[PDB]
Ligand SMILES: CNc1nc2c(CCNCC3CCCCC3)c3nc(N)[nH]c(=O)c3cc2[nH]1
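Presented as structure tokens, the chain that follows is alone, the form solved without the ligand.
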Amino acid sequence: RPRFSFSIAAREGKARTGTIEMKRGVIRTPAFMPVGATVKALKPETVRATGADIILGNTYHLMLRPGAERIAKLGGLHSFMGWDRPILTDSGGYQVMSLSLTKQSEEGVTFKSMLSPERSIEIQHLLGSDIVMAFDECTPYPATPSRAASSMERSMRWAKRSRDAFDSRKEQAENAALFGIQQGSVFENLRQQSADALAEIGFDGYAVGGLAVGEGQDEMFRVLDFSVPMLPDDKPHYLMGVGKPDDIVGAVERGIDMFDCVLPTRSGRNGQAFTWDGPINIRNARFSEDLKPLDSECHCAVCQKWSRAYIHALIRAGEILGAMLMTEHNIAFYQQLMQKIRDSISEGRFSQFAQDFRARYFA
């Protein structure tokens, strides 16, 4: 396989389906990347069995414990966790702000639990990342135009530093890919300047950053409407941190190819199970004697084998197996959503799928 080749097989409106080929495997797009030293409560073989082609590696957590240098000495993240397919690593930038006494500078971020663009790229190399994210400065929402422009402009300077660090490391440049991140908050002219700056630098894929920040779906969709067409059409478009199932459908209708979020895993452990008729909270007493699977059509192993009543009891008792089964199902449901999206685009009926999906999911 090549280092990186994105091929679009079918289109319907702004939606696309196709494949990214990389050394460690093929990624079917639109793709959902489960977030994980683990994808919580799941063995890697189980993540793969649900249909995931690629996972997202949480860099901020790993650079602290067990540390990037240690993981490198132990053979890299793939060997460490036992996942031999592609891994996309975030840059550490967002969580360094959300989770750390930070001091921001043009050089980078200094924090207590210095992360620069150069160090972020090096850490992702040490982890053995297949898709490396440029290191950027997250923009809070809401943001004033001046603050959004300043942060975006710094992020574009850091995008150039990220590109150069990546390219200067021969083994990384020859075996991994690098994505740039569009910033600019909700302002169309800043999104355009960022898209232009990233395209001048040149990346293997382009992320739409700064939209998983509590602005609401109407505003997110409005911003995607003008922001995705600014990105190069022949490269993957990655919406970072999104999202709920209807968000994903709407984002694909607007040209997005790649997705990640913690919602299926986190809310799974919290007792929320996704179904084609909308989410349910399995903790509710009305499931205590319900012998049906979590979802009536889901093909996952959990829905083949256990009832709502059993999982309700496990989650009520705080059982680890409750978290395992809820997470497997939710992750499988997301992958089955992506498969239905990919198939419907391939067959030129994605518009009808989106309408049918929403009618039933919000009924």
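Numbers for residues come from their place in the sequence shown, where the first is 1.
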Residues of the deposited sequence that sit between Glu45 and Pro44 yet are not modelled: none
Absent coordinates between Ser100 and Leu101 - deposited residues affected, binned into four classes: 1 to 3
Higher of the two mean Cα B-factors (89 to 97, 267 to 275; per PDB record) comes from 89 to 97
Which of 61 to 69 and 24 to 32 has higher mean CA B factor, as the PDB entry lists it: 61 to 69
Out of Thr38, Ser307, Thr50, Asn330, which one has a C-alpha B factor higher than all the others in the entry? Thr38
By the CA temperature factor listed in this entry, which of these ranks top: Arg222, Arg254, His237, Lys292? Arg222
Split the chain's modelled residues into thirds by Cα B-factor; is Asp136 in the lowest, middle or highest one? highest
For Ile282, the third of its chain into which the C-alpha B factor falls: middle
B-factor third for the C-alpha atom of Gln336 within its chain: lowest
Where the record places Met114 (Cα B-factor, split into thirds across the chain): highest
Entry-reported Cα temperature factor of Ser129, expressed as the chain third it lands in: lowest
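Another form exists, deposited with the ligand bound; not displayed. Remarks below refer to it.
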Within a 4.5 Å heavy atom cut-off, is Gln183 in contact with the ligand in the deposited complex? yes
With the cut-off set at 4.5 Å between non-hydrogen atoms, does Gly36 touch the ligand in the deposited complex? yes
Look up in the deposited complex whether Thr275 has a non-hydrogen atom within 4.5 angstroms of the ligand, and give yes or no. no
Please determine whether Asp260 contacts the ligand in the deposited complex, using a 4.5 Å cut-off between heavy atoms. yes
Among 276 to 284, 90 to 98, 250 to 258, 222 to 230, which stretch has residues with heavy atoms no more than 4.5 Å from the ligand in the deposited complex? 90 to 98
Looking in the deposited complex, is the ligand within 4.5 Å of a heavy atom from each of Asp136, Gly210 and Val213? yes
Only one of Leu294, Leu56, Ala332, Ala31 gets a heavy atom within 4.5 Å of the ligand in the deposited complex. Which one? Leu56
Can you pick the one in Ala165, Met240, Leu178, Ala159 that has a heavy atom within 4.5 Å of the ligand in the deposited complex? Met240
